[PDB]
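*Asks:* Chains as they are written, first to last, in full-length UniProt numbering: chain A, 2 to 291; chain G, 2 to 291; chain Y, 2 to 291; chain Z, 2 to 291.
Think of the CB as a built atom: it goes at the ideal place given N, C-alpha and C, for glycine as much as any other residue.
There are 4 protein chains.
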Amino acid sequence: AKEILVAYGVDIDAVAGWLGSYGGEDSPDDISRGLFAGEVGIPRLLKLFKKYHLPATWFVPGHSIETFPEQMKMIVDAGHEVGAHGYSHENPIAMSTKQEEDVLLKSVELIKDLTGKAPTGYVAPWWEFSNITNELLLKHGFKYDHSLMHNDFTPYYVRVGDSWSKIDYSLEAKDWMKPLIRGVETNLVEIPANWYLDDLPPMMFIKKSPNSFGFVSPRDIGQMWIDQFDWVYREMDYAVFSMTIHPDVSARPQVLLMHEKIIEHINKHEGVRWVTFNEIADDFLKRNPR
Amino acid sequence: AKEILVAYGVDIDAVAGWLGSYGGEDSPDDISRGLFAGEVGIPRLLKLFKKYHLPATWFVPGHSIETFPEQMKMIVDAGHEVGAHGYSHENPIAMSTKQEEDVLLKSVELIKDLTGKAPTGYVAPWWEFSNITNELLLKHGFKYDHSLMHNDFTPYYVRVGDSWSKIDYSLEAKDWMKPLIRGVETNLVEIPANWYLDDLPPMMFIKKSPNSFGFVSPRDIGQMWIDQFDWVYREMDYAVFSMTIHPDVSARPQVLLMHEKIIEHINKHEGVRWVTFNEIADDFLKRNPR
Amino acid sequence: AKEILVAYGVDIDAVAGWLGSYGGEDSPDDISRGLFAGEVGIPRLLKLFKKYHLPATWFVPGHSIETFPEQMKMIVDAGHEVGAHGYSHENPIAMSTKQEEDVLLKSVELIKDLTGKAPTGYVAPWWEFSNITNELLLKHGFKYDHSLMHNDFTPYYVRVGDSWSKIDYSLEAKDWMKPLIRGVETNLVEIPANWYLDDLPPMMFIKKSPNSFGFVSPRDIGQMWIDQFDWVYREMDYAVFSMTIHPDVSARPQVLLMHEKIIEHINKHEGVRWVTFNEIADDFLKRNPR
Amino acid sequence: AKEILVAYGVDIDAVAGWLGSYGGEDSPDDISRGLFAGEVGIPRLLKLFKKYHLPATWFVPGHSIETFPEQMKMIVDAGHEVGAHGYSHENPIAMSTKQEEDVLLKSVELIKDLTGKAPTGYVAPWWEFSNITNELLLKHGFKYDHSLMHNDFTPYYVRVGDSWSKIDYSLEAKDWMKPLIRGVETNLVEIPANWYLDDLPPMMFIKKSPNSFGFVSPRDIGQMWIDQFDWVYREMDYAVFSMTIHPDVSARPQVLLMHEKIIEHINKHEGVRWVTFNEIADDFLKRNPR
Ligand SMILES: [Zn+2]
Ligand SMILES: [Zn+2]
Ligand SMILES: [Zn+2]
Ligand SMILES: [Zn+2]
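#1: Would you please verify whether the beta carbon of A/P219 is less than 8 Å from any beta carbon of chain G?
#2: What I want to know is whether the C-beta of Z/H86 ends up closer than 7 Å to one or more non-hydrogen atoms of ligand 4.
#3: Would you decide whether residue 1 of chain A is buried or exposed? Buried here means 16 or more other CB atoms lie within 10 Å of its CB.
#4: Under the rule that 16 or more other beta-carbon atoms within 10 Å means buried, what is A/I66, buried or exposed?
#5: Verify the CB distance criterion: does Y/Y158 have a CB-CB separation below 8 Å to chain A?
#6: Are at least three pairs of beta-carbons, each pair with one atom in the stretch 90 to 100 of chain A and one in the stretch 167 to 174 of chain G, less than 8 Å apart?
#7: With DSSP as the reference, label Y/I192 as helix, strand or coil.
#8: Quick one: does G/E101 have its CB under 8 Å from some CB of chain A?
#9: Provide the residue span of the beta strand (DSSP E) that contains Y/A15, from first to last.
#10: Tell me whether A/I76 is buried or exposed, calling it buried when 16 or more other Cβ atoms sit within 10 Å of its Cβ.
#11: Our contact map puts A/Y88 next to G/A174 with C-beta atoms below 8 Å; I'd like the distance itself, whole angstroms only.
#12: Return the Cβ separation of G/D200 and G/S243 in integer angstroms, given the expectation that the two are a contact with Cβ distance under 8 Å.
#13: Does the beta carbon of A/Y88 sit closer than 8 Å to a beta carbon anywhere in chain G?
#14: From G/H266, G/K209, G/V273, G/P203, pick the residue whose C-alpha is nearest to that of G/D221; which is it?
#15: Closer than 7 Å to a non-hydrogen atom of ligand 1 - does that hold for the CB of G/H266?
#16: Of the residues that make up the stretch 50 to 69 of chain G, which ones have a beta carbon closer than 7 Å to any beta carbon in chain Z?
#17: How many Å lie between A/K113 and A/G142 at the Cα?
#18: Could you check which residue in Z/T121, Z/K52, Z/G272, Z/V104 has the C-alpha nearest to that of Z/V83?
#19: Judging by CA-CA distance, which residue of G/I264, G/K179, G/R291, G/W196 is the nearest neighbour of G/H54?
#20: For G/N152, tell me which candidate among A/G21, A/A17, A/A38 has the shortest Cα-Cα distance.
#21: Which residues in chain Y sit within 7 Å of A/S251, going by Cβ to Cβ distance?
#22: Measure the CB-CB distance between Z/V11 and Z/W59 and report whether it falls below 8 Å.
#23: Give the residues of chain G in contact with A/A95, contact being defined as C-beta atoms less than 8 Å apart.
#24: Going along chain A, which residues have a C-beta under 9 Å from Y/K107?
#25: Within the continuous alpha helix (DSSP H) that includes Z/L115, where are the two ends?
#26: For G/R288, count neighbouring Cβ atoms within 10 angstroms of its own Cβ and tell me buried if that reaches 16, exposed if not.
#27: Leaving out five residues before and five after G/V233 in sequence, what residues of the same chain have Cβ atoms less than 8 Å from its Cβ?
#28: Assign residue 1 of chain G to one of two classes, buried (16 or more other C-beta atoms within 10 Å of its C-beta) or exposed (fewer than that).
#29: Against A/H151, what residues of chain Y qualify as contacts under a CB-to-CB distance less than 7 Å, listed in chain order?
#30: Just verifying my parser: in three-state terms, what is the DSSP assignment at G/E280?
#31: Just how far apart, CA to CA, sit Z/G272 and Y/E186?
#32: Since G/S33 is in the alpha helix (DSSP H), which residue starts that stretch and which ends it?
#33: Run through the DSSP bridge pairs and tell me what G/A85 is partnered with.
#34: Say the cut is 7 Å; is the CB of G/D12 nearer than that to a heavy atom of ligand 2?
#35: What do you reckon, is the C-beta of A/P93 under 7 Å from a heavy atom of ligand 5?
#36: Report the rounded CA-to-CA distance for Y/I281 versus Y/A8, giving the unit in angstroms.
Rendered as structure tokens:
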């Protein structure tokens, strides 16, 4: 028996992505791409999904919620899930605890006002943590996170309190020669992030980044994503296969075609189930409690 | 039912590009590559266009006009359109108001003395704005710009006055948790620039930039460009599909071949119309006014 | 006659590589990747190796030995070799001679404890030497190293005492215009490292490095690795063909697929012997003494 | 009819390149790649050329001469041409006038003692000039340089005295809004360098460079080189098609294979003539004097 849970996760980075993460704060041109992502990118992603009758989870920065209100209505009315993703896409590790907690509070408030329900899902901007577990569980709603990478194609419960010894070369070796020390499992389910199922780093060009790419072939990317799916399909009976995309990138014509090949390849397989992240979190919590 | 407007926008970066944008000001070797683009590159692209009976718009830095006067004659005499592109490829955002204005004055004077008419088209060097909209409309002529990215395959009127709140981590979150505020549309038409339709960053090698590439395959890029065309053709009845190239890069034999594949593919389609950017601007001004 | 010795060398970088080399010491997201590599990665490479009945050598950081004890047990039970690889993946050049010596002792202590025998093989973290060659022979055990690049498909005896003159542009040219002066062979066998046979740089994404890649296609790399083998099989009668992998990278489904191709292709060839690094070293020491 | 002059230019960077250009001066591991290039790389490229009965020019750093004397004898006895390439691959633009002149005097001295005749050919390390034109013509011998890029597939006489105005944003625009002023042709013939016909930047990995690559596919590079040859052959009656390689890179098995494909493709075409750079230079001097 094959139970393959498959989801698209859309991080609406848009203008917020350029303020917090990708260095576009003083660039009109970069800001204009942020606006493309919302005004042009969200609806093309909705048409793509509507075409294959797919559900999806949208992780939306508070900035994008208030900057693209008309497209936000289009997202809710399609019956899709809205999750959290900062306000202006700020990297949590760079914020104070109060700044991070305030950002999360505003996000919940903005999503609740938009959907009627509190968000249950989170993606940390640029995928970085801090004391986020404690904050997510504390700020109610939050059932699951899609930011961490302890695993691949299986959800798990996130541990709080892991520690490790950093190398300090001004000391002697015995001071840092100690093994990572595992913390304690919490109720936050992880639906793992994955750089190999992330449209943005290979296919978006960023001048302000030393590790920007942007000109990797979408056919090579699609093919790689598809090889990942085939392997998962061949090796695992239950699995979650989630793809992280951004209207910024995946609503560009060349990678829209890529997604059509991916979806159409996945749909050739029996035992596939297109779902939202909340449904994965619900199913996993029911699959193995504790 | 198909009206696909298709154009080459040739930015004659040549030497100007290396003085203003690409860090070659102290490199005899980079400077000589600049001379290749003017002396060798302009005639090879002209031969390319003549072969397929294509029109084109050349956006020429004042530096290139005065450094390659004989190649300039070849561009005019072929009946192609000439637009502005700085003098020494200066990034507008680093310039003063007067410097940027002076640059713009000189560009206009030079193109007028060369062609007989004032330019109607502008490309910002390295695609960066500042307060350019206002200057383009003030310095007469300028009908259209090809620097911005609010859209990809549909022109639009450029808004002046968009504002946004930068993240300041020395303050509290509420100080930057505000949306982008849209300004007001001017009569400046935008014929969108697109990093995904720009020969230079993937296929020009630059020692002085850490986000240089240069060795992305021209067959992949061409295939990507054609995929962009095919999606546009399948989804839209009216569209403008403009390609930004440089003699620097697109006059290298391996990408001259690439363009031949592209042009021959585009030419298989009904409803294609090869045009200048000015013709797109005029056609757009007539299509939807205000 | 053909004797083609083929081997997999697994550097279990994991959490250690992020601590020592890849900038992830202040990143919960990167540490999470580290733990993937050890908890999921290690058993998937074992399933692969066992699928083709292959031996392997695992060059294991002390930090990984102690952080992943259940996976260590699994490595020894399968009968694979365990070589040394620092503790927290520290660069031998950044360390005091005492730190370095203390790192090598603790490694040796940990591996003996685990296996019953002292290690005979070493890989230097991030592939650098310093005064290692003396320390490796001195710390008894060590027969062979797999860090250096004087050759590629033939082992050789590591020379000690090589020196060269650096360019100081403050002085005159005659002060630095001198050749490299070769030292003297030692008994340390080199089983050469090779950037062209290393899964990590092309295919792990790292933001903390400007020299990072991550999105080079695994199909392109697999092809390039087979091409290397294809030339070798055709041009040499005796050869060693070792591939450096990491559970970090080679336990990702798309790279596992890559390896399956590489392995099956290599098994079409007769004269091929799948061995451990210790067996290559032993072979070499028999092949040509002194 | 068809006279396509085709040559390999082998720059023996080896250890010199790591001292002078690629940041390996403090790296035992990089130095070993340097030694690989000389000890293993030169003979493999000699076996390659001999197989197809090809002549070649080796542009050899004095550092490589004195460090690989036995391989230097192999290059001479194979009857190939020897040109200059710095001592420790030093960038001319970084050197004093005296250092650069001293470096050049020593190179001439070493090459003469090695071959019997003074060198006629020069490649600037890392391809940069300064006041080299004057020194190459002053330091007798030197007939041709292969460092500059004013053209790609036609030789030319190098101009001395080119000048241009740099951008200084502390002044007004009119201060720098002036064209490049061409100087005057000298007798130095250029057989152009070309980043698109250079094996090293796409396929050698350099940790010290932010602009390093190293993992671009050799099949893509080979295909790109064959596309260049195919266009030149289709478009030109007389042309020089010279390829720059390094034992460092092109003596790697995956790239030897690439070259075999390249050479075999070129040999199918009529009018091809494999020559040394010296023969190209002489042919050019005879083709058009002045
Ligand atoms: Zn995001
Ligand atoms: Zn430009
Ligand atoms: Zn390692
Ligand atoms: Zn060189």
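*Replies:* Taking the definition as stated:
#1: Yes, A/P219 counts as interfacial toward chain G.
#2: At least one heavy atom of ligand 4 sits closer than 7 Å to the Cβ of Z/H86.
#3: Since the first and last residues shown for chain A are 2 and 291, residue 1 of chain A lies out of range.
#4: It counts as buried.
#5: Not an interface residue.
#6: The answer is yes - the stretch 167 to 174 of chain G touches the stretch 90 to 100 of chain A, with three or more Cβ pairs under 8 Å.
#7: It is coil, neither helix nor strand.
#8: Cβ-Cβ to chain A under 8 Å: no for G/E101.
#9: In the DSSP assignment, Y/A15 falls outside any beta strand (DSSP E) and lies within the alpha helix (DSSP H) extending over 15 to 21.
#10: By the C-beta density criterion, A/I76 is buried, having at least 16 other C-beta atoms within 10 angstroms.
#11: Beta-carbon to beta-carbon, A/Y88 and G/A174 are separated by about 7 Å, close enough to satisfy the 8 Å threshold.
#12: No, G/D200 and G/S243 are not in contact; Cβ-Cβ is about 13 Å, not under 8 Å.
#13: It does: the Cβ of A/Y88 has a partner Cβ on chain G nearer than 8 Å.
#14: The option with the nearest alpha carbon to G/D221 is G/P203.
#15: No, the Cβ of G/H266 stays beyond 7 Å of every heavy atom of ligand 1.
#16: Result list: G63, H64, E67, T68.
#17: Those two C-alpha atoms are separated by around 10 Å.
#18: Looking at Z/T121, Z/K52, Z/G272, Z/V104, the one whose alpha-carbon comes closest to that of Z/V83 is Z/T121.
#19: Selected option, being the one with the closest Cα: G/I264.
#20: Closest by alpha carbon: A/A38.
#21: For A/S251, none of the residues of chain Y pass the 7 Å Cβ criterion, the least Cβ distance being about 15 Å.
#22: Taking 8 Å as the Cβ cut-off, Z/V11 and Z/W59 qualify as a contacting pair.
#23: Against A/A95, the close residues of chain G are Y170, in the order they occur along the chain (beta-carbon pairs closer than 8 Å).
#24: Listed along chain A are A174, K175, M178, each with a C-beta nearer than 9 Å to that of Y/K107.
#25: 98 to 116 is the span of the alpha helix (DSSP H), which, as asked, contains Z/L115.
#26: Here G/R288 is exposed, its C-beta having fewer than 16 other C-beta atoms within 10 Å.
#27: Cβ neighbours of G/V233 beyond the five flanking positions: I5, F154, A240, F242.
#28: Because chain G here runs from 2 to 291, residue 1 of chain G falls outside it and cannot be looked at.
#29: The contacting residues are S33, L36, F37.
#30: G/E280 falls in the helix class under three-state DSSP.
#31: Using only the alpha carbons, I get a separation of about 51 Å.
#32: Membership of G/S33 in the alpha helix (DSSP H) is indicated by the continuous run 29 to 36.
#33: Under DSSP, the beta-bridge partners assigned to G/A85 are G/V61, G/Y123.
#34: Within the cutoff, so yes.
#35: Ligand 5 is not among the ligands present in this structure, which contains only ligand 1, ligand 2, ligand 3 and ligand 4.
#36: Using only the alpha carbons, I get a separation of about 9 Å.
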